[PDB]
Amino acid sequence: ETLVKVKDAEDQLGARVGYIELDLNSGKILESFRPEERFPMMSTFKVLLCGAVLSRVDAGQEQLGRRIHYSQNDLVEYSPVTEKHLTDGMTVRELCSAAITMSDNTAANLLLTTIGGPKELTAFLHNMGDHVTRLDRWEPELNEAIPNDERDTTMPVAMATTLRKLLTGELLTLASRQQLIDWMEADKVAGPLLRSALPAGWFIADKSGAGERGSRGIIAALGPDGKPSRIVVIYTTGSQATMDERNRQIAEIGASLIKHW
């Protein structure tokens, strides 16, 4: 029973939690809890990053086949795929795949370079109606989560609404919406969160994030019968619990909103 659970999770972590569930088609909000407090995006921002990328593809300003050669100084903390292509480079499409499915930090920075940086990601977001979400720093510093720092934060409602627009609007072309959600479906490093409590037949495309100071979250489009019908977004920050406890609290919110769909 979700809002209950969400409230339960808050005092079990001893941190702020924020939650929203949004109907994918209509845009109607189904429930929420602190939808408008701000939270570190962490690696959830990688999906927005790649939407800004596809948007430039759509506009003939970028090619997914464009190959980017980079070098040892571009590598930052957590580069499981990019360390391996120092020599041969990676295409924009490969970069988005690595950033989203494996949360590769270097990949995300390399992509931020293509669009001209964090302020271009904020401007892209701002220009489609999201006047709240902002990216300010590169990896790995964007994950610091200083208390009350609004750098690199979103609100559950701003991220849910923006994800909806990217994934079904006319904001991107059909080919781009589909690639964006394909990248999220192949998510590979989010098994212990929503995917954890999802039943066979269900579709799930998601992106998770973890940052410092206990910060954790996920964004997801999911539903029954292999089709996404809802957007769910959960952030938490401030907590001293263990990495697996918080993990547990979020599986718990999703076991609930899955039960009470």
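For every residue, the number given is its place in the sequence shown, counted from 1.
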* Asked: Per the entry, where is the mean C-alpha temperature factor higher: 142-150 or 92-100?
  -> 142-150
* **Mean temperature factor over C-alpha atoms, higher-scoring stretch between 236-244 and 19-27** => 236-244
* Tell me which of 201, 51, 35, 217 tops the list for C-alpha B factor in the record. => 201
* To do: Could you check 174, 107, 190, 125 and tell me which one carries the biggest Cα B-factor in the deposited entry?
  => 190
* Lowest, middle or highest third: where is residue 226 by Cα B-factor in its chain? -> highest
* Third of chain Cα B-factors occupied by residue 55 -> middle
* In terms of the chain's CA B-factor thirds, is residue 169 lowest, middle or highest? -> highest
* Going by what the PDB entry lists, where does residue 196 fall on CA B-factor within its chain: lowest, middle or highest third? -> highest
* By the record's CA B-factor, is residue 213 among the lowest, middle or highest third of residues in the chain? -> highest
